[PDB]
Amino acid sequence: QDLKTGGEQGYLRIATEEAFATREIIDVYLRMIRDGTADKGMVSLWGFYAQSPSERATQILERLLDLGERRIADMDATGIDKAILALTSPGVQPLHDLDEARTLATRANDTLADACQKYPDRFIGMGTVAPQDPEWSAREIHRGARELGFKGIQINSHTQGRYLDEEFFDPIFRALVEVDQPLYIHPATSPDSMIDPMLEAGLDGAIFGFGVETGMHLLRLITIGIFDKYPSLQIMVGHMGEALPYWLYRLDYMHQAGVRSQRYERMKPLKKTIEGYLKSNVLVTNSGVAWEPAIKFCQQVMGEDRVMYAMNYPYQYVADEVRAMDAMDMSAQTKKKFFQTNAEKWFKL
């Protein structure tokens, strides 16, 4: 009742990492699980959400699938004015049939664009792609920006164990720069090449493995020099920067030693320090981290203009979290950046 839409408290609440699904894609996951082509991450994650009779899981599924009045109602009840929506991890990235991946990504994008068109003041879209086909992905990036009204794309970290620093994926970056839109690297379960010890302990998901997977992915992109190749490119990550801001001193110290060593072909001198890239090319949301000390730490390290509010609905739908964020010991100006104007700037809303 005290969480209201309309911005009377001094800012709109724009939630920047909100998830949806389509039934057909989840049915592909089920099919892959049943036929033994699903990787261990898919079995762990979607084997649970798509099959568990638990209320928590079935409510998550229903909320993911809705792009209408239920979602709006859930937003209204937590004072969320606008939601930036993307197809839930891992999207079509694990699909081995490329016609099927492109087809289902196309349709998910059309489905999302339709919903944003119906609720243009509430729903904002990020496109989904199929990095198995970087050239098609580039066309979908352009199509999203030009025809669909999307504000960027979300990539669900690795694609079948392959990372975006590979030259093979270059067309994707080229297109984002052409349309001048950000890439949100959202987590996925680790590939089978890494997941085993986390899986055994129940640590492969959002508790830990998500952060490992996504942190590595962003770090690999930084150290390969993606922001020297593409100085205008902005990469967004959630979960308070997957710990990279906390690791920053160690990252710069060890990166400098690594470059000087000249051991690694893929670790050569960069034009900025890692800290520099965090301040100029990387952007962070607090998805999953409704925790003031970590938010302030990141605002201090990266700059208050570069840290944004996200709810991570429907996985983490908690009124008391929005309340804790509303009540942060932060100036009105800083708080308005965090909830509203940073997102409006960086996503060009």
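For every residue, the number given is its place in the sequence shown, counted from 1.
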Taking the deposited Cα B-factors and averaging over 234-242 and over 110-118, the higher mean is found in 110-118
Would 2-10 or 338-346 have the larger average of its C-alpha temperature factors, as given in the entry?
2-10
Checking the record values for 204, 76, 275, 140, which has the greatest CA B factor?
140
Looking at the C-alpha B-factor values in the deposited entry, which of 136, 150, 247, 208 comes out highest?
136
Would you mind ranking residue 262 by its C-alpha B-factor against the rest of the chain and naming the third, lowest, middle or highest?
highest
Among the modelled residues of this chain, does the Cα B factor of residue 53 put it in the lowest, middle or highest third?
highest
C-alpha B factor of residue 69, ranked within the chain: lowest, middle or highest third?
highest
Which third, lowest, middle or highest, does the C-alpha temperature factor of residue 193 belong to within its own chain?
highest
Going by what the PDB entry lists, where does residue 332 fall on CA B-factor within its chain: lowest, middle or highest third?
highest
